[PDB]
file data-v9.txt (compact mmCIF, C-alpha atoms and all ligand atoms)
# COMPACT_ATOMS: atom_id res chain seq x y z
CA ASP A 22 0.00 0.00 0.00
CA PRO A 23 1.11 3.67 -0.08
CA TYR A 24 1.89 3.22 3.63
CA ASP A 25 4.78 0.82 2.85
CA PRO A 26 7.02 2.59 0.30
CA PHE A 27 10.09 1.27 2.13
CA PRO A 28 10.81 -1.85 -0.02
CA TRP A 29 10.87 0.53 -2.99
CA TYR A 30 13.27 2.89 -1.19
CA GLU A 31 15.54 -0.07 -0.43
CA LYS A 32 15.35 -1.17 -4.07
CA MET A 33 16.33 2.31 -5.27
CA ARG A 34 19.08 2.57 -2.63
CA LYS A 35 20.65 -0.60 -4.13
CA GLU A 36 19.75 -0.34 -7.88
CA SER A 37 19.67 3.39 -8.87
CA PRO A 38 20.80 5.52 -5.81
CA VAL A 39 21.05 8.65 -8.05
CA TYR A 40 18.21 8.15 -10.56
CA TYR A 41 17.20 10.38 -13.50
CA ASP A 42 13.49 10.31 -14.44
CA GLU A 43 13.68 10.86 -18.26
CA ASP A 44 9.90 11.62 -18.44
CA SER A 45 9.96 14.53 -15.91
CA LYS A 46 13.73 15.25 -16.36
CA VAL A 47 14.10 15.32 -12.52
CA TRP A 48 16.77 13.58 -10.35
CA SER A 49 16.11 11.42 -7.22
CA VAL A 50 18.65 10.63 -4.42
CA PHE A 51 18.00 7.84 -1.86
CA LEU A 52 21.35 7.27 -0.06
CA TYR A 53 21.68 8.96 3.38
CA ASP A 54 25.03 10.62 2.46
CA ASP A 55 23.67 11.77 -0.95
CA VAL A 56 20.37 13.11 0.53
CA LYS A 57 22.31 14.83 3.36
CA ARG A 58 24.53 16.70 0.83
CA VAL A 59 21.63 17.61 -1.56
CA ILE A 60 19.64 19.30 1.27
CA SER A 61 22.69 20.93 2.97
CA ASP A 62 25.25 21.88 0.24
CA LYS A 63 23.61 25.31 -0.49
CA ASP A 64 26.47 26.34 -2.86
CA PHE A 65 25.55 23.49 -5.30
CA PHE A 66 21.85 22.85 -4.44
CA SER A 67 19.41 25.81 -4.16
CA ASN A 68 15.85 26.20 -2.74
CA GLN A 69 14.89 28.90 -5.32
CA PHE A 70 12.20 27.70 -7.79
CA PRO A 71 12.94 28.83 -11.41
CA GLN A 72 9.69 28.03 -13.43
CA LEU A 73 6.40 26.33 -12.32
CA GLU A 74 5.69 29.37 -10.04
CA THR A 78 2.42 26.06 -3.17
CA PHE A 79 5.61 27.66 -1.70
CA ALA A 80 6.86 30.92 -3.30
CA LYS A 81 6.71 33.99 -0.96
CA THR A 82 7.93 31.80 1.97
CA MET A 83 11.57 31.40 3.17
CA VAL A 84 11.37 27.71 2.04
CA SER A 85 11.87 28.89 -1.59
CA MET A 86 14.59 31.42 -0.57
CA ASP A 87 18.43 31.33 -0.60
CA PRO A 88 21.04 33.56 1.14
CA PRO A 89 21.32 36.38 1.69
CA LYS A 90 17.51 36.96 1.59
CA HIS A 91 16.82 33.68 3.50
CA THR A 92 19.48 34.32 6.21
CA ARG A 93 17.93 37.70 7.20
CA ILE A 94 14.31 36.39 7.52
CA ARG A 95 15.47 33.13 9.19
CA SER A 96 17.40 35.04 11.91
CA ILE A 97 14.33 37.24 12.68
CA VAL A 98 11.67 34.44 12.79
CA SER A 99 14.03 32.25 14.95
CA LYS A 100 13.49 34.67 17.95
CA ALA A 101 9.84 33.43 18.34
CA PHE A 102 10.92 29.74 18.60
CA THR A 103 13.68 29.77 21.29
CA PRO A 104 13.90 27.03 24.01
CA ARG A 105 12.62 29.43 26.74
CA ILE A 106 9.61 30.34 24.49
CA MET A 107 8.89 26.57 24.04
CA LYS A 108 8.74 26.17 27.88
CA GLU A 109 6.20 29.06 28.04
CA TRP A 110 3.95 27.23 25.50
CA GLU A 111 4.27 23.75 27.16
CA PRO A 112 1.55 24.24 29.87
CA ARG A 113 -0.88 25.83 27.35
CA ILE A 114 -0.37 22.97 24.84
CA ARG A 115 -0.89 20.43 27.69
CA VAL A 116 -4.37 21.96 28.37
CA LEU A 117 -5.42 21.93 24.67
CA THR A 118 -4.19 18.29 24.38
CA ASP A 119 -6.08 17.10 27.52
CA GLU A 120 -9.28 18.86 26.31
CA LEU A 121 -8.96 17.12 22.88
CA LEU A 122 -8.23 13.60 24.28
CA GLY A 123 -10.94 14.12 26.98
CA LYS A 124 -13.72 14.35 24.30
CA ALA A 125 -12.99 10.70 23.21
CA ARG A 126 -13.62 9.36 26.77
CA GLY A 127 -16.54 6.87 26.91
CA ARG A 128 -15.63 4.91 23.74
CA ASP A 129 -13.61 1.69 23.11
CA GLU A 130 -12.93 2.58 19.43
CA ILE A 131 -11.45 5.93 18.26
CA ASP A 132 -10.11 7.34 14.97
CA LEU A 133 -6.70 8.82 15.94
CA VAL A 134 -6.67 11.17 12.88
CA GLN A 135 -10.19 12.73 13.13
CA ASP A 136 -10.36 12.51 16.96
CA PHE A 137 -6.83 13.68 17.85
CA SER A 138 -3.83 13.86 15.46
CA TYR A 139 -5.53 16.05 12.79
CA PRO A 140 -7.21 18.71 15.03
CA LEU A 141 -4.38 19.11 17.63
CA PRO A 142 -1.77 21.00 15.46
CA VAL A 143 -4.50 23.31 14.05
CA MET A 144 -5.73 24.03 17.63
CA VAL A 145 -2.14 24.60 18.90
CA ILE A 146 -0.99 26.94 16.06
CA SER A 147 -4.36 28.81 16.26
CA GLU A 148 -3.75 29.36 20.02
CA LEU A 149 -0.06 30.37 19.51
CA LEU A 150 -1.05 32.81 16.68
CA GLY A 151 -3.42 34.69 19.07
CA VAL A 152 -6.55 33.66 17.11
CA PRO A 153 -9.53 34.68 19.32
CA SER A 154 -11.97 31.82 20.25
CA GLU A 155 -14.87 33.63 18.42
CA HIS A 156 -12.90 33.34 15.10
CA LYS A 157 -11.36 29.87 15.78
CA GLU A 158 -14.04 27.98 13.77
CA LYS A 159 -13.55 30.25 10.70
CA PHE A 160 -9.73 29.99 11.10
CA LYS A 161 -9.92 26.15 10.95
CA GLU A 162 -11.84 26.37 7.62
CA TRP A 163 -9.18 28.71 6.11
CA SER A 164 -6.38 26.41 7.33
CA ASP A 165 -8.19 23.36 5.79
CA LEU A 166 -8.40 25.21 2.41
CA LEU A 167 -4.69 26.19 2.66
CA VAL A 168 -3.46 22.55 3.07
CA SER A 169 -6.18 21.18 0.73
CA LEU A 170 -5.41 19.39 -2.59
CA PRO A 171 -7.61 18.98 -5.73
CA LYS A 172 -9.96 15.94 -6.11
CA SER A 173 -7.99 14.74 -9.17
CA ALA A 174 -5.49 15.86 -11.86
CA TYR A 175 -8.48 16.65 -14.16
CA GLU A 176 -7.90 20.33 -15.19
CA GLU A 177 -11.58 21.25 -14.50
CA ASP A 178 -11.17 19.76 -10.97
CA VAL A 179 -7.82 21.60 -10.55
CA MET A 180 -9.30 24.97 -11.71
CA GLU A 181 -12.37 24.58 -9.44
CA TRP A 182 -10.02 23.88 -6.47
CA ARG A 183 -7.62 26.80 -7.26
CA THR A 184 -10.53 29.30 -7.24
CA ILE A 185 -11.77 28.10 -3.79
CA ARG A 186 -8.18 27.82 -2.42
CA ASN A 187 -7.13 31.25 -3.80
CA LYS A 188 -10.13 32.90 -2.05
CA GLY A 189 -9.26 31.08 1.21
CA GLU A 190 -5.62 32.26 0.95
CA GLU A 191 -6.82 35.87 0.23
CA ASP A 192 -9.25 35.90 3.21
CA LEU A 193 -6.70 34.18 5.52
CA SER A 194 -3.93 36.62 4.45
CA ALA A 195 -6.33 39.56 5.01
CA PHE A 196 -7.27 38.14 8.46
CA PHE A 197 -3.55 38.00 9.44
CA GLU A 198 -3.03 41.52 7.98
CA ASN A 199 -5.66 42.94 10.40
CA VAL A 200 -4.46 40.83 13.39
CA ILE A 201 -0.87 42.16 12.89
CA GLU A 202 -2.13 45.80 12.96
CA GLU A 203 -4.37 45.10 16.02
CA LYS A 204 -1.43 43.42 17.84
CA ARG A 205 0.83 46.46 17.10
CA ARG A 206 -1.28 48.62 19.51
CA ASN A 207 -2.03 45.74 21.96
CA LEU A 208 1.00 43.39 22.05
CA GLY A 209 0.59 39.98 23.74
CA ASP A 210 2.59 36.74 24.08
CA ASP A 211 1.24 35.37 20.74
CA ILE A 212 3.74 34.58 17.89
CA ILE A 213 2.47 37.58 15.83
CA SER A 214 3.22 39.90 18.82
CA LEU A 215 6.69 38.30 19.19
CA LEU A 216 7.48 38.71 15.44
CA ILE A 217 6.39 42.41 15.52
CA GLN A 218 8.89 43.09 18.38
CA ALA A 219 11.67 40.88 16.93
CA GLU A 220 14.54 42.99 15.52
CA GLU A 221 18.06 42.26 14.18
CA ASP A 222 19.96 45.59 14.60
CA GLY A 223 16.74 47.51 13.77
CA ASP A 224 15.81 45.17 10.90
CA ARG A 225 12.20 43.95 11.33
CA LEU A 226 9.89 41.82 9.14
CA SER A 227 7.49 43.94 7.05
CA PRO A 228 3.75 43.12 6.63
CA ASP A 229 4.60 41.59 3.16
CA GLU A 230 6.98 39.07 4.86
CA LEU A 231 4.95 38.60 8.10
CA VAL A 232 1.63 37.43 6.49
CA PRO A 233 3.28 34.73 4.26
CA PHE A 234 5.36 33.49 7.25
CA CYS A 235 2.11 33.03 9.25
CA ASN A 236 0.62 31.04 6.31
CA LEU A 237 3.86 28.96 6.11
CA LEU A 238 3.46 27.94 9.81
CA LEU A 239 0.04 26.38 8.92
CA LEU A 240 1.33 24.95 5.58
CA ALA A 241 4.55 23.45 7.07
CA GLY A 242 3.35 22.50 10.58
CA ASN A 243 -0.31 21.32 10.37
CA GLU A 244 -0.13 17.99 8.44
CA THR A 245 3.54 17.21 9.29
CA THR A 246 2.75 17.21 13.05
CA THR A 247 -0.58 15.39 12.46
CA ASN A 248 1.19 12.64 10.46
CA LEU A 249 4.18 12.50 12.88
CA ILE A 250 1.76 11.74 15.78
CA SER A 251 -0.19 9.20 13.65
CA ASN A 252 3.00 7.53 12.28
CA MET A 253 4.61 7.47 15.78
CA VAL A 254 1.56 5.76 17.41
CA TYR A 255 1.38 3.26 14.51
CA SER A 256 5.13 2.49 14.87
CA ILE A 257 4.71 2.07 18.68
CA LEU A 258 1.75 -0.40 18.42
CA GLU A 259 3.55 -2.23 15.52
CA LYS A 260 6.30 -3.34 17.99
CA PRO A 261 4.77 -5.27 20.98
CA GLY A 262 5.71 -4.01 24.49
CA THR A 263 6.77 -0.52 23.27
CA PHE A 264 3.50 1.20 24.36
CA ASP A 265 3.91 -0.22 27.92
CA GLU A 266 7.68 0.53 27.92
CA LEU A 267 7.00 4.24 27.15
CA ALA A 268 4.09 4.44 29.65
CA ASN A 269 6.26 2.96 32.47
CA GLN A 270 9.33 5.12 31.59
CA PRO A 271 7.88 8.40 30.13
CA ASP A 272 11.34 10.11 29.66
CA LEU A 273 12.05 7.82 26.61
CA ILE A 274 9.23 9.63 24.70
CA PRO A 275 11.47 12.40 23.17
CA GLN A 276 13.92 9.70 21.94
CA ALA A 277 10.91 7.71 20.59
CA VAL A 278 9.66 10.92 18.84
CA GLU A 279 13.10 11.23 17.13
CA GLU A 280 12.98 7.51 16.18
CA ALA A 281 9.41 8.08 14.86
CA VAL A 282 10.76 10.90 12.61
CA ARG A 283 13.53 8.51 11.42
CA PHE A 284 11.26 5.43 11.06
CA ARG A 285 8.14 7.03 9.50
CA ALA A 286 9.14 10.59 8.47
CA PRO A 287 5.93 12.57 7.76
CA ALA A 288 7.83 14.54 5.03
CA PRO A 289 9.43 11.79 2.85
CA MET A 290 11.15 14.06 0.29
CA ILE A 291 12.61 17.61 0.03
CA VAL A 292 13.14 19.51 -3.27
CA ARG A 293 16.32 21.31 -4.47
CA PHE A 294 17.46 22.75 -7.85
CA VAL A 295 21.06 22.32 -9.14
CA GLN A 296 22.82 25.72 -8.82
CA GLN A 297 26.14 24.79 -10.53
CA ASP A 298 27.44 21.72 -12.46
CA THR A 299 28.36 18.87 -10.06
CA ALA A 300 28.33 15.06 -9.71
CA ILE A 301 26.96 12.45 -7.23
CA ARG A 302 28.21 8.80 -7.17
CA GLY A 303 29.61 8.74 -10.76
CA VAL A 304 26.60 10.60 -12.25
CA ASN A 305 26.69 14.27 -13.41
CA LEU A 306 23.91 16.79 -12.59
CA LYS A 307 23.70 19.97 -14.73
CA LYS A 308 22.70 23.35 -13.17
CA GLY A 309 18.91 23.94 -13.40
CA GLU A 310 17.82 20.28 -13.06
CA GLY A 311 15.36 19.49 -10.23
CA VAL A 312 16.55 17.09 -7.49
CA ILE A 313 14.28 15.14 -5.09
CA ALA A 314 16.14 14.21 -1.86
CA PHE A 315 14.19 11.31 -0.26
CA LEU A 316 14.60 11.94 3.51
CA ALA A 317 12.43 8.84 4.18
CA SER A 318 14.90 6.62 2.23
CA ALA A 319 17.95 8.38 3.82
CA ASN A 320 16.56 7.56 7.33
CA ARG A 321 16.19 3.83 6.33
CA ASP A 322 19.72 3.68 4.81
CA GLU A 323 21.54 0.57 6.20
CA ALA A 324 24.94 2.33 5.66
CA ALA A 325 23.87 5.17 8.03
CA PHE A 326 21.89 3.33 10.75
CA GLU A 327 22.40 -0.12 12.34
CA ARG A 328 19.26 -2.32 11.95
CA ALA A 329 17.65 0.61 10.01
CA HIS A 330 14.34 -1.33 9.39
CA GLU A 331 13.69 -1.72 13.19
CA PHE A 332 11.86 0.84 15.37
CA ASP A 333 14.33 1.37 18.25
CA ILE A 334 13.13 3.90 20.85
CA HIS A 335 16.52 3.55 22.59
CA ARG A 336 18.56 5.07 19.75
CA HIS A 337 20.44 8.09 21.10
CA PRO A 338 21.87 10.26 19.56
CA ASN A 339 19.53 9.86 16.54
CA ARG A 340 21.21 11.17 13.36
CA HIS A 341 18.13 11.08 11.16
CA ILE A 342 17.65 13.97 8.76
CA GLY A 343 13.86 13.90 8.93
CA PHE A 344 13.81 17.59 9.87
CA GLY A 345 16.28 18.34 7.09
CA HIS A 346 19.86 19.50 7.50
CA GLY A 347 21.58 22.86 7.05
CA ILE A 348 20.37 26.44 6.96
CA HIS A 349 16.82 25.27 6.14
CA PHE A 350 16.66 22.90 9.13
CA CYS A 351 12.99 22.87 10.09
CA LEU A 352 12.26 26.02 12.05
CA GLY A 353 9.36 24.27 13.78
CA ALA A 354 11.21 21.18 15.00
CA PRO A 355 11.16 22.36 18.67
CA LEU A 356 7.40 22.87 18.43
CA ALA A 357 6.84 19.58 16.60
CA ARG A 358 8.97 17.80 19.21
CA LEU A 359 7.14 19.48 22.10
CA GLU A 360 3.69 19.00 20.58
CA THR A 361 4.34 15.35 19.69
CA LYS A 362 5.71 14.57 23.16
CA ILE A 363 2.66 16.04 24.91
CA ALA A 364 0.31 14.21 22.56
CA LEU A 365 1.95 10.86 23.33
CA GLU A 366 2.08 11.61 27.06
CA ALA A 367 -1.68 12.21 27.03
CA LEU A 368 -2.34 8.96 25.15
CA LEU A 369 -0.09 6.92 27.44
CA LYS A 370 -1.95 8.30 30.48
CA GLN A 371 -5.55 8.11 29.25
CA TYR A 372 -5.19 4.57 27.86
CA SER A 373 -3.66 1.42 29.35
CA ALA A 374 -3.98 -0.46 26.05
CA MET A 375 -4.46 0.36 22.36
CA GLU A 376 -4.88 -1.92 19.36
CA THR A 377 -4.66 -1.12 15.65
CA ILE A 378 -8.01 -1.93 14.02
CA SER A 379 -7.53 -0.51 10.52
CA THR A 380 -5.59 2.21 8.69
CA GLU A 381 -6.15 4.14 5.46
CA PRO A 382 -3.12 5.98 3.99
CA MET A 383 -3.33 9.71 3.28
CA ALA A 384 -3.67 10.02 -0.45
CA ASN A 385 -1.24 12.99 -0.49
CA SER A 386 1.64 12.11 -2.84
CA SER A 387 4.33 14.27 -1.15
CA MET A 388 3.35 13.18 2.39
CA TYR A 389 3.59 10.03 4.50
CA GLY A 390 0.69 9.62 6.91
CA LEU A 391 -2.76 8.19 7.58
CA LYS A 392 -6.23 9.32 6.56
CA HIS A 393 -7.81 7.12 9.22
CA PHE A 394 -6.36 5.23 12.17
CA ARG A 395 -9.09 3.13 13.77
CA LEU A 396 -8.02 2.03 17.24
CA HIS A 397 -9.48 -0.30 19.84
CA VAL A 398 -8.67 1.38 23.16
CA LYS A 399 -9.09 0.69 26.88
CA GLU A 400 -9.24 3.72 29.19
CA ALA A 401 -7.23 3.66 32.42
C1 LIG A 501 5.95 17.70 12.61
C2 LIG A 501 7.06 17.30 11.99
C3 LIG A 501 7.77 18.19 10.95
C4 LIG A 501 8.67 17.72 10.09
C5 LIG A 501 9.12 16.25 9.97
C6 LIG A 501 9.12 18.83 9.28
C7 LIG A 501 10.05 18.78 8.27
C8 LIG A 501 10.67 19.87 7.72
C9 LIG A 501 11.80 19.83 6.82
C10 LIG A 501 12.47 18.52 6.35
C11 LIG A 501 12.12 21.09 6.49
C12 LIG A 501 13.28 21.53 5.56
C13 LIG A 501 12.77 22.14 4.26
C14 LIG A 501 13.92 22.35 3.29
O1 LIG A 501 15.10 22.07 3.63
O2 LIG A 501 13.64 22.78 2.14
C15 LIG A 501 11.20 21.97 7.19
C16 LIG A 501 11.20 23.34 7.11
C17 LIG A 501 10.35 24.19 7.79
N1 LIG A 501 9.41 23.82 8.73
FE1 LIG A 501 8.99 21.91 9.28
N2 LIG A 501 8.47 19.97 9.70
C18 LIG A 501 7.63 19.62 10.73
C19 LIG A 501 6.81 20.49 11.41
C20 LIG A 501 6.83 21.87 11.36
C21 LIG A 501 6.13 22.76 12.26
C22 LIG A 501 5.24 22.25 13.42
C23 LIG A 501 6.41 24.03 11.90
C24 LIG A 501 5.93 25.38 12.49
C25 LIG A 501 5.17 25.50 13.59
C26 LIG A 501 7.29 23.96 10.76
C27 LIG A 501 7.79 25.05 10.10
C28 LIG A 501 8.79 24.97 9.17
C29 LIG A 501 9.37 26.09 8.48
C30 LIG A 501 8.95 27.56 8.69
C31 LIG A 501 10.31 25.63 7.65
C32 LIG A 501 11.21 26.44 6.69
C33 LIG A 501 12.64 26.50 7.22
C34 LIG A 501 13.49 27.31 6.28
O3 LIG A 501 13.17 27.34 5.06
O4 LIG A 501 14.49 27.91 6.75
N3 LIG A 501 7.54 22.64 10.46
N4 LIG A 501 10.33 21.19 7.92
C1 LIG A 502 8.87 19.40 3.49
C2 LIG A 502 7.63 20.25 3.19
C3 LIG A 502 6.47 19.39 2.69
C4 LIG A 502 6.69 18.92 1.25
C5 LIG A 502 7.09 20.03 0.26
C6 LIG A 502 8.28 20.86 0.78
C7 LIG A 502 8.62 21.97 -0.21
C8 LIG A 502 8.99 21.39 -1.57
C9 LIG A 502 7.91 20.52 -2.14
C10 LIG A 502 7.58 20.59 -3.44
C11 LIG A 502 6.34 20.05 -4.00
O1 LIG A 502 5.88 20.44 -5.05
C12 LIG A 502 5.65 19.01 -3.20
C13 LIG A 502 5.79 19.28 -1.70
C14 LIG A 502 7.23 19.52 -1.21
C15 LIG A 502 8.07 18.22 -1.27
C16 LIG A 502 7.88 21.38 2.17
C17 LIG A 502 8.77 22.38 2.92
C18 LIG A 502 8.45 22.14 4.42
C19 LIG A 502 7.31 21.11 4.42
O2 LIG A 502 7.18 20.39 5.64

call {"tool": "encode", "arguments": {"input": "data-v9.txt", "output": "structure tokens", "more": "lines below"}}
Ligand code: HEM
Ligand SMILES: C[C@]12CC[C@H]3[C@@H](CCC4=CC(=O)CC[C@@]43C)[C@@H]1CC[C@@H]2O
result
Amino acid sequence: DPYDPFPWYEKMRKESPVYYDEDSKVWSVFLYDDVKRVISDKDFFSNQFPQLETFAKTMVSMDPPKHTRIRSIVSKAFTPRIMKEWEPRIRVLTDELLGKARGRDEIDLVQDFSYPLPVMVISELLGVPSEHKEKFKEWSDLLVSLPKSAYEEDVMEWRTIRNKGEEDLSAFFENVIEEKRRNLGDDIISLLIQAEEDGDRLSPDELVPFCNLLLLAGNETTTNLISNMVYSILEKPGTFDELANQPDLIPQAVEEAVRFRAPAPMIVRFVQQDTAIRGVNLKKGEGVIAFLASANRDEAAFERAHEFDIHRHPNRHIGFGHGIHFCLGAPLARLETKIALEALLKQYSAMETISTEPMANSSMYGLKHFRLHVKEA
């Protein structure tokens, strides 16, 4: 199924590690060392997108020196001491969410927990008032939505609805930013307005797209990370109990979950200058797809790479990327995923995988549905 691409990754890692897809004229790297270099060697592999212009005004499609300046300003709202300030608040949202599924022996992890949590957390951290939370969730859904099919009529119908959602969401953020200027709070928008690098501040044209990027890059990744982590835990007997009895292994397990079932399987780069990888030449301009999922299953990088080992420490996966584009939200994803698993391991003494349905999203590795038989404590 689409939830087991790993045999194919292993095949590619052994048969065509650096593969050229003649049809699309795009490269694909699967070896850990090759993927690591493609996503980190900024001098030879760029993030800028020449042609085919969902990421464009964000720092994801930027290179230095433009990227460096915005990255150093947005980093001030995600420091370790800021993460500790959010912890208690995220714990309350999590308990409220898990609490609603009390009184049932079967739950759907996605619809009842993993999908709504990240939206609820980012909404709360962005200072979205409770009266506008329902409308904010709709906008977010439209932002991370994909068309029914590749049929051009279906694609054009979707673009119109998604472009209006983006316009209304952007306008909503535009007004919130101005309102927060005269009444600053502890919300991320308030923090970004006050952030300054020698007097250099983000403008409204850079602030609004960054807010959209937080939803775009953190909603489904976190949702899938939680889903994939729970699936990996229940897949290996005794692990659920092991984590419940020794709760300080959870962060390590979260890192192993990112290595075992990375929610973002591949990252995209564009050749900046002529170079080579494992006897094969890549010409400047060609698109490269670095498969993080395959790199984290590489047998030459990890011992017993096909086994979920919650005791691996340090974990050198590159599931959050590597280099100047290292996921800005990793501290929040790590915090949010830990709390989610802590809540599950406290509210339930036993959980059993009933059925799963993979997320149909091509560029994503996660579950649409995760039916679980559960026993409350
Ligand atoms: C939940 C698990 C997540 C995973 C596995 C993940 C993965 C990644 C990866 C691999 C990149 C590198 C992109 C590149 O090199 O082109 C990235 C970038 C980024 N992520 Fe995440 N992400 C996650 C969650 C989040 C969250 C929760 C947020 C925000 C709250 C977030 C915000 C960002 C941003 C802003 C960037 C751009 C960094 C830059 O371009 O400098 N991500 N993410
Ligand atoms: C990794 C990522 C999800 C997948 C994105 C990636 C940007 C590049 C990209 C190009 C595509 O056209 C498909 C999605 C991908 C592969 C995103 C940047 C951060 C986000 O989490």

call {"tool": "axis_aligned_box", "arguments": {"input": "data-v9.txt", "around": "ligand LIG 502 (chain A)", "padding_each_side": "4 Å", "output": "AutoDock Vina command-line options"}}
result
--center_x 7.3 --center_y 20.3 --center_z 0.3 --size_x 11.3 --size_y 12.2 --size_z 18.7

call {"tool": "residues_around", "arguments": {"input": "data-v9.txt", "residues": "stretch 211-213 of chain A", "least_positions_apart": "6", "cutoff": "10 Å", "atoms": "all atoms listed in the file", "output": "compact mmCIF listing (two decimals) with C-alpha atoms, in the coordinates of the input"}}
result
# COMPACT_ATOMS: atom_id res chain seq x y z
CA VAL A 98 11.67 34.44 12.79
CA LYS A 100 13.49 34.67 17.95
CA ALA A 101 9.84 33.43 18.34
CA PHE A 102 10.92 29.74 18.60
CA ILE A 106 9.61 30.34 24.49
CA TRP A 110 3.95 27.23 25.50
CA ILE A 146 -0.99 26.94 16.06
CA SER A 147 -4.36 28.81 16.26
CA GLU A 148 -3.75 29.36 20.02
CA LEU A 149 -0.06 30.37 19.51
CA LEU A 150 -1.05 32.81 16.68
CA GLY A 151 -3.42 34.69 19.07
CA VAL A 152 -6.55 33.66 17.11
CA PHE A 197 -3.55 38.00 9.44
CA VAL A 200 -4.46 40.83 13.39
CA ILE A 201 -0.87 42.16 12.89
CA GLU A 202 -2.13 45.80 12.96
CA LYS A 204 -1.43 43.42 17.84
CA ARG A 205 0.83 46.46 17.10
CA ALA A 219 11.67 40.88 16.93
CA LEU A 231 4.95 38.60 8.10
CA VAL A 232 1.63 37.43 6.49
CA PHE A 234 5.36 33.49 7.25
CA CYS A 235 2.11 33.03 9.25

call {"tool": "closest_residue", "arguments": {"input": "data-v9.txt", "among": "A:298, A:366, A:119, A:244", "to": "ligand LIG 501 (chain A)", "atoms": "only C-alpha atoms and all ligand atoms"}}
result
A:244

call {"tool": "residues_near_ligand", "arguments": {"input": "data-v9.txt", "ligand": "ligand LIG 502 (chain A)", "cutoff": "10 Å", "atoms": "all atoms listed in the file", "output": "MDAnalysis selection string"}}
result
chainID A and resid 68 70 73 78:80 82:85 237:246 287:293 313:316 343:345 349:353 385:389

call {"tool": "residues_near_point", "arguments": {"input": "data-v9.txt", "point": "(13.3, 10.2, 22.6)", "cutoff": "9 Å", "atoms": "only C-alpha atoms", "output": "list in words"}}
result
residues 272, 273, 274, 275, 276, 277, 278, 279, 280, 281, 334, 335, 336, 337, 339 and 362 of chain A

call {"tool": "atom_distance", "arguments": {"input": "data-v9.txt", "atom1": "atom CA of residue A:167", "atom2": "atom CA of residue A:184"}}
result
11.9 Å

call {"tool": "closest_residue", "arguments": {"input": "data-v9.txt", "among": "A:153, A:311, A:127, A:142", "to": "residue A:357", "atoms": "all atoms listed in the file"}}
result
A:142

call {"tool": "residues_near_point", "arguments": {"input": "data-v9.txt", "point": "(13.9, -2.6, 7.3)", "cutoff": "12 Å", "atoms": "all atoms listed in the file", "output": "ChimeraX atom specification"}}
result
/A:25-32,283-285,317-318,320-323,326-333

call {"tool": "residues_around", "arguments": {"input": "data-v9.txt", "residues": "residue A:379", "least_positions_apart": "3", "cutoff": "12 Å", "atoms": "all atoms listed in the file", "output": "PDB file with C-alpha atoms, in the frame of the given file"}}
result
ATOM      1  CA  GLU A 130     -12.930   2.580  19.430  1.00  0.00           C
ATOM      2  CA  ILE A 131     -11.450   5.930  18.260  1.00  0.00           C
ATOM      3  CA  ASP A 132     -10.110   7.340  14.970  1.00  0.00           C
ATOM      4  CA  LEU A 133      -6.700   8.820  15.940  1.00  0.00           C
ATOM      5  CA  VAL A 134      -6.670  11.170  12.880  1.00  0.00           C
ATOM      6  CA  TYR A 255       1.380   3.260  14.510  1.00  0.00           C
ATOM      7  CA  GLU A 376      -4.880  -1.920  19.360  1.00  0.00           C
ATOM      8  CA  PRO A 382      -3.120   5.980   3.990  1.00  0.00           C
ATOM      9  CA  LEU A 391      -2.760   8.190   7.580  1.00  0.00           C
ATOM     10  CA  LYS A 392      -6.230   9.320   6.560  1.00  0.00           C
ATOM     11  CA  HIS A 393      -7.810   7.120   9.220  1.00  0.00           C
ATOM     12  CA  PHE A 394      -6.360   5.230  12.170  1.00  0.00           C
ATOM     13  CA  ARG A 395      -9.090   3.130  13.770  1.00  0.00           C
ATOM     14  CA  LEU A 396      -8.020   2.030  17.240  1.00  0.00           C
ATOM     15  CA  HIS A 397      -9.480  -0.300  19.840  1.00  0.00           C
TER      16      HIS A 397
END

call {"tool": "residues_around", "arguments": {"input": "data-v9.txt", "residues": "residue A:399", "least_positions_apart": "2", "cutoff": "7 Å", "atoms": "only C-alpha atoms", "output": "PyMOL selection string"}}
result
chain A and resi 129+372-375+401

call {"tool": "closest_residue", "arguments": {"input": "data-v9.txt", "among": "A:365, A:179, A:39, A:60", "to": "ligand LIG 501 (chain A)", "atoms": "only C-alpha atoms and all ligand atoms"}}
result
A:60

call {"tool": "closest_residue", "arguments": {"input": "data-v9.txt", "among": "A:67, A:135, A:72, A:164", "to": "residue A:196", "atoms": "only C-alpha atoms"}}
result
A:164

call {"tool": "closest_residue", "arguments": {"input": "data-v9.txt", "among": "A:145, A:390, A:300, A:325", "to": "residue A:256", "atoms": "only C-alpha atoms"}}
result
A:390

call {"tool": "closest_residue", "arguments": {"input": "data-v9.txt", "among": "A:87, A:54, A:74, A:400", "to": "ligand LIG 501 (chain A)", "atoms": "all atoms listed in the file"}}
result
A:87

call {"tool": "atom_distance", "arguments": {"input": "data-v9.txt", "atom1": "atom FE1 of ligand LIG 501 (chain A)", "atom2": "atom CA of residue A:354"}}
result
6.2 Å
